[PDB]
Amino acid sequence: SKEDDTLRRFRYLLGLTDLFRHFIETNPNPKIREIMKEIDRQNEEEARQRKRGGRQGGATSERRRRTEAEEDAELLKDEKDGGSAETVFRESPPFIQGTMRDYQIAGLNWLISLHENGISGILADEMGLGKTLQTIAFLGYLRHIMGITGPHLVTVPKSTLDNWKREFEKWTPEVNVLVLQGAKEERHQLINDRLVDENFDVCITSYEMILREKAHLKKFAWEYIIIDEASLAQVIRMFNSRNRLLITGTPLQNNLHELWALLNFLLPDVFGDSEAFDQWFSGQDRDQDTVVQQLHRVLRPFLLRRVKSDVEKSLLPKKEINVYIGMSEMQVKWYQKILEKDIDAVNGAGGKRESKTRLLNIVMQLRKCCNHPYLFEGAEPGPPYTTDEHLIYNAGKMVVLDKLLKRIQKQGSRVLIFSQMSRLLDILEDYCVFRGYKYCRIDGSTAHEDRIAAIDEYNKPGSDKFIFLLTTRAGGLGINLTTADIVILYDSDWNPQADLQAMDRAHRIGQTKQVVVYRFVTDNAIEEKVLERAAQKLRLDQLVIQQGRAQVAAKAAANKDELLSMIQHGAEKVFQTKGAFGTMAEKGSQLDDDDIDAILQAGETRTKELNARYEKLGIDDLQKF
Ligand SMILES: [Cl-]
């Protein structure tokens with residue numbers, strides 16, 4: 001759905017300063033204006049039904065905190081869908097017939113992240129970091145996970161044509177590749193049975209053949225158009241594509257026109273014409289070199305670049321630690337109240353015929369309780385609401401957090417704190433002020449939140465900032481927070497890949513320290529159960545990887561080693577034999593049927609034995625073969 005693509009894209013852009021908002025708000029295209037008006041009026045209504053922060057000791061900031069009802073509806077809706085949809089690979093994917101390096105897996109995950117945010121990107125790794133494999137893995141992700149096979153268009157210099165062809169063939173043989181080359185007669189032989197027929201998943205083309213066949217290429221609604229190393233943009237602009245990838249080996253350059261050309265390539269609906277950009281530049285008040293630098297900063301989320309030294313340096317493994325935590329007396333009371341108000345379902349003695357929605361609501365409330373009792377209306381000590389030390393002691397997690405942060409600051413470390421609930425971050429904001437903690441905050445809002453400003457404030461050398469408060473969703477916005485070295489998951493995502501994505505905001509190339517992750521778990525309550533399920537799904541996930549990779553090898557034609565072991569099997573005993581082999585030498589002619597009844601009996605017995613040998617095994621015992 002391209003209409004939901006636009007929305008997801010626009011919503012992602014609005015946090016990257018007001019630059020994109022401006023080009024959308026004032027966009028020449030009326031249709032573009034409409035969508036922006038829509039998200040605006042929606043943001044207006046949500047602002048009407050929100051307040052700015054009660055607590056007297058509290059945060060003074062201007063964002064508007066959500067209603068208990070409003071966030072309950074979102075958590076519920078989210079629970080109906082098993083959590084975020086995020087995909088994050090922990091290892092080289094089974095569909096890649098080979099092994100990716102750690103930094104290539106990270107590249108893959110970054111490309112995936114762009115795709116799920118509906119944005120195009122630039123892979124600008126230094127030559128030799130295997131950008132081809134990374135791109136191919138990403139297209140493999142589209143195929144095997146998202147059910148998208150193509151059609152994709154890959155345009156390359158003539159010299160690289162053979163390499164792209166081989167790598168597709170090597171890493172993902174199942175992908176149907178069509179290469180456009182040759183004279184005018186060598187083409188029509190391909191076009192009839194292949195090109196015009198859409199008998200391909202991927203079309204690899206030289207820059208040349210793009211022009212000479214543009215008429216046929218324009219007929220397709222392309223998924224991805226990928227340009228390797230970049231009148232090229234003129235023809236590409238006139239192509240239909242859901243997304244694009246630019247593959248280059250060079251960093252961004254201080255050239256205003258090039259930067260506009262990238263923005264136009266990445267966002268052709270937002271930056272459609274050169275004229276609107278020139279008018280924007282002449283109308284604004286920063287000099288050219290400053291604008292150039294602002295454009296670089298804005299292009300950062302759409303660009304991945306790593307140089308050999310980044311890759312050759314070691315990225316320390318993360319220490320992940322679960323923190324098992326009790327509940328305050330107040331938590332105990334509210335937990336009981338929640339369980340009791342639906343005691344029939346909790347006991348589970350009846351029909352269990354109530355809706356799933358009824359059970360989801362319960363789970364949601366228990367989740368809120370394990371977080372902080374103040375999330376419930378009427379729970380916090382009645383008016384006036386103030387940040388006491390009671391704000392800490394009424395929650396088991398707050399008590400542990402409070403001492404943990406104290407110890408984190410002493411050793412001179414900096415911390416990211418993620419949560420599923422914005423209304424919980426609100427409580428954390430107030431707590432931060434009460435302890436005099438300097439902080440930034442990002443929720444992934446489209447209501448005039450500037451995440452570039454906040455990221456930069458946190459990342460500046462000698463920054464005053466200590467804590468960064470973040471929704472777990474914000475972890476999927478491709479942000480870089482390597483200046484922090486400790487991560488606290490205040491509560492967990494039902495999709496472990498979402499939390500992993502969050503940890504990776506700090507645990508990624510550029511990080512110099514050992515990333516320590518603390519996952520708060522309310523012991524002997526609902527959260528510990530979720531924790532076990534998470535570990536089960538992780539093991540299941542590992543098996544399907546381990547097995548799926550063996551399937552690929554099994555499904556495939558024989559190895560030279562496999563062939564050789566076939567040839568050699570029994571070869572000795574054959575060479576040794578001078579007469580006839582065992583069964584034939586025992587007699588020779590058409591002898592006793594008792595020999596036949598024996599052979600059939602021996603055969604039936606050996607058969608049961610050969611089956612039984614493997615029917616019991618699992619893959620690890622199967623690998624011994
Ligand atoms: Cl490369």
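Pairs only if they're at least six apart or on different chains, beta carbon under 6 angstrom, first in region 239-251 and within 15 Å of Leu263 (Cα to Cα), second within 13 Å of the ligand (Cβ to nearest atom) and part of a strand (DSSP E or B); list them, first residue then second.
Cβ pairs passing all conditions: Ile247/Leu123; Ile247/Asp228.
Under 6 Å between Cβ atoms, which residue pairs at least 6 apart in sequence (or on different chains) link something in region 1-12 that is under 14 Å from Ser120 (Cα atoms) with a partner that is small (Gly, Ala, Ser) and outside any helix (DSSP H, G or I)?
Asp5/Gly118; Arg8/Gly118; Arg9/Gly118
I need every pair where a residue in region 438-465 that is more than 20 Å from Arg9 (Cα to Cα) has its Cβ under 6 Å from the Cβ of a residue that is basic (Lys, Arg) and surrounded by fewer than 17 Cβ atoms within 10 Å (Cβ to Cβ), sequence separation at least 6 or different chains.
Once the first residue is more than 20 Å from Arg9 (Cα to Cα) and sits in region 438-465, its partners that are basic (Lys, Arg) and surrounded by fewer than 17 Cβ atoms within 10 Å (Cβ to Cβ) give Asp464/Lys438; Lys465/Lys438.
Could you figure out which of (1) at negative phi; (2) under 17 Å from the mean Cα position of the chain (by Cα) isn't true of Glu74?
(2)
Six or more apart or on different chains, Cβ under 6 Å: which pairs go from a residue in region 121-148 that's over 16 Å from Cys203 (Cα atoms) to one that's of a type in the set (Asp, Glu) and within 16 Å of the ligand (Cβ to nearest atom)? Could you list them?
Pairs found: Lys131/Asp125.
For region 94-106, does any single residue satisfy the condition of being of a type in the set (A, V, I, L, M, F, W, C) and assigned to a helix (DSSP H, G or I)?
Yes: one or more hits.
Which residues, taken from region 258-310, are assigned to a loop (DSSP other than H, G, I, E, B) and charged (D, E, K, R)?
Hits for region 258-310 are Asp269, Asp273, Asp285, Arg286, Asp287, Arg305, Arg306.
Given the criterion within 24 Å of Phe23 (Cβ to Cβ), in a strand (DSSP E or B) and among the aliphatic types (A, V, I, L, M), identify the matching residue among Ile236, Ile227.
Among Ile236, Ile227, only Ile227 is within 24 Å of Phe23 (Cβ to Cβ), in a strand (DSSP E or B) and among the aliphatic types (A, V, I, L, M).
If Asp228 passes every condition in (1) among the acidic types (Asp, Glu); (2) closer than 30 Å to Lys555 by Cβ; (3) surrounded by 17 or more Cβ atoms within 10 Å (Cβ to Cβ) but one, which one does it miss?
Tallying (1) among the acidic types (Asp, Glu); (2) closer than 30 Å to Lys555 by Cβ; (3) surrounded by 17 or more Cβ atoms within 10 Å (Cβ to Cβ), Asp228 fails exactly one: (2).
So, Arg55, is that one surrounded by 17 or more Cβ atoms within 10 Å (Cβ to Cβ), farther than 30 Å from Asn371 by Cα and more than 16 Å from the ligand (Cβ to nearest atom) or not?
Judged against the criteria, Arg55 is not a match.
How many of the residues making up region 538-589 are under 29 Å from the mean Cα position of the chain (by Cα) and surrounded by 11 or more Cβ atoms within 10 Å (Cβ to Cβ)?
13
Output the helices (runs of 4 or more DSSP H) that fall wholly within region 514-608 and possess 1 or more residues being among the charged types (D, E, K, R) and closer than 30 Å to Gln365 by Cβ, or say none.
526-555
So, in region 111-145, of the ones that are under 12 Å from the mean Cα position of the chain (by Cα) and within 15 Å of the ligand (Cβ to nearest atom), which residue ends up farthest from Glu223 (Cα to Cα)?
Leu111
Testing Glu79 on (1) within 16 Å of the ligand (Cβ to nearest atom); (2) more than 30 Å from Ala261 (Cβ to Cβ); (3) buried (at least 18 other Cβ atoms within 10 Å of the Cβ), one condition comes back false. Which one is that?
Answer for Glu79: the failing condition is (1).
I need a count of the residues in region 504-526 that are in contact with a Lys or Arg (Cβ under 8 Å, 6 or more places away or on another chain) and surrounded by 21 or more Cβ atoms within 10 Å (Cβ to Cβ).
Of the residues in that region, 5 qualify.
Does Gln189 satisfy the criteria of being in contact with a helix residue (DSSP H, G or I) (Cβ under 8 Å, 6 or more places away or on another chain) and not hydrophobic (A, V, I, L, M, F, W, C)?
no
Report, by residue number, each residue of region 441-477 that is under 21 Å from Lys513 (Cα atoms) and surrounded by fewer than 22 Cβ atoms within 10 Å (Cβ to Cβ).
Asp456, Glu457, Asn459, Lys460, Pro461, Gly462, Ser463, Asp464, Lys465, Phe466
Of everything in region 211-224, what is loosely packed, with under 13 Cβ neighbours inside 10 Å and in a strand (DSSP E or B)? Give them in sequence order.
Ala221 - this is the single residue of region 211-224 that is loosely packed, with under 13 Cβ neighbours inside 10 Å and in a strand (DSSP E or B).
Being surrounded by fewer than 19 Cβ atoms within 10 Å (Cβ to Cβ), under 35 Å from the mean Cα position of the chain (by Cα) and assigned to a helix (DSSP H, G or I) is true for just one of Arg358, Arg367. Which residue is that?
Only one candidate passes the filter, namely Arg358.
Kindly establish whether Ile112 is part of a loop (DSSP other than H, G, I, E, B), of a type outside the set (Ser, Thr, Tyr) and more than 19 Å from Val179 (Cβ to Cβ).
The answer is no for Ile112.
Can you name the residue in region 151-175 that is out of contact with any helix residue (DSSP H, G or I) (no Cβ under 8 Å at 6 or more places or on another chain) and within 21 Å of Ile210 (Cα to Cα) and is also nearest to the ligand (Cβ to nearest atom) among such residues?
My answer is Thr160.
Six or more apart or on different chains, Cβ under 7 Å: which pairs go from a residue in region 214-238 that's of a type in the set (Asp, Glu) to one that's in a strand (DSSP E or B) and surrounded by fewer than 19 Cβ atoms within 10 Å (Cβ to Cβ)? Could you list them?
These pairs meet every condition: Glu223/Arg242.
When only residues in region 230-255 that are of a type in the set (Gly, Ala, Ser) and within 22 Å of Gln134 (Cβ to Cβ) count, which is farthest from the ligand (Cβ to nearest atom)?
Within region 230-255, the match that is farthest from the ligand (Cβ to nearest atom) is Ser241.
Out of all the residues in region 91-110, which are within 16 Å of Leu266 (Cβ to Cβ) and within 13 Å of the ligand (Cβ to nearest atom)?
none
Say whether the condition of being among the hydroxyl-bearing types (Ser, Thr, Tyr) and more than 30 Å from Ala506 (Cβ to Cβ) is met by at least one residue in region 355-364.
Yes - at least one qualifying residue is present in region 355-364.
What is the residue count in region 323-355 for residues that are more than 22 Å from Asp426 (Cβ to Cβ), of a type in the set (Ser, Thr, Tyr) and outside any strand (DSSP E or B)?
Within region 323-355, residues that are more than 22 Å from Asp426 (Cβ to Cβ), of a type in the set (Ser, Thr, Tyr) and outside any strand (DSSP E or B) number 1.
If a residue counts only when it is crowded, with 18+ Cβ neighbours inside 10 Å and not aliphatic (A, V, I, L, M), which helices (runs of 4 or more DSSP H) contained entirely in region 123-200 have at least 3 such residues?
131-144, 161-171
Backbone-built Cβ (ideal geometry, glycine too); neighbour counts: all protein chains shown. Coordinate-derived values only; no laboratory data.
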